[PDB]
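An overview of the molecular structure
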Amino acid sequence: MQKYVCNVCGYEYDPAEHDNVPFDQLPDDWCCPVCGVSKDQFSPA
Ligand SMILES: [Fe+3]
């Protein structure tokens, strides 16, 4: 499943590590757990 990386801090969201919850299901108020930016500052990776 499509992984995304934080442009600012390099954190990588891998659905497989979160019970197969895809990036597109995360809430509008979700932010990077390392640096706090919103989903719009992530890139497919
Ligand atoms: Fe980040």
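Residues numbered from 1 in each chain as written, not as in the entry; some residues may be left out. Heavy atoms only, no water.

**Points about the sheet that holds strand 2 (residues 12-13)**
Spatial ordering of the open sheet is given by 2-1-3, a layout of 3 strands whose pairing is antiparallel. Edge positions in the sheet fall to strand 2 and strand 3 (42-44), since each of these pairs with one other strand and no more. In this structure, strand 1 (residues 4-6) lies alongside strand 3, joined through 3 bridges in antiparallel fashion. Bridging from a neighbouring strand, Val 5 pairs with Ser 43 of strand 3. (Pairing = 2+ DSSP bridges. Helix = DSSP H or I, 4+ residues; strand = E, 2+ residues; numbered from the N terminus.)

**A short note on the environment of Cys 35**
Within the secondary structure, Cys 35 sits in the loop between strand 2 and strand 3. Linking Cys 35 and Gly 10, residues 25 residues apart in sequence, is a C-alpha distance of 9.3 Å. Apart from the residues lying within four places of it in its own chain, the contact partners of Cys 35 are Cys 6, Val 8 and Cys 9. (Contact = heavy atoms within 4.5 Å.)

**Digging into the coordination of the iron ion**
Tetrahedral coordination by four donors puts the ideal angle at the metal at 109.5 degrees, and octahedral coordination by six puts it at 90 or 180 degrees. Distances from the iron ion to its protein donors, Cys 6 (SG), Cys 9 (SG), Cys 32 (SG) and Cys 35 (SG), fall within 2.2 to 2.3 Å. Around the iron ion, the 4 donor atoms sit at angles spanning 101 to 115 degrees, and that spread fits a shape best called tetrahedral. Sequence spacing among the residues donating to the iron ion works out to C-x2-C-x22-C-x2-C. Of this pair, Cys 9 sits in the loop between strand 1 and strand 2 while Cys 32 sits in the loop between strand 2 and strand 3, and the two are 23 residues apart along the sequence. On the accessibility criterion, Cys 9 (31% relative accessible area) is partly exposed. Residue class for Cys 32 comes out buried when judged on its relative accessible area of 4%. (Donors = N, O, S within 2.8 Å, 3.2 Å for Na, K, Ca; no water. Tetrahedral: all angles 85-135°; square planar, octahedral: opposite > 155°, others 65-115°. Buried < 20%, exposed > 50% of the residue type's maximum accessible area, 1.4 Å probe, protein only.)

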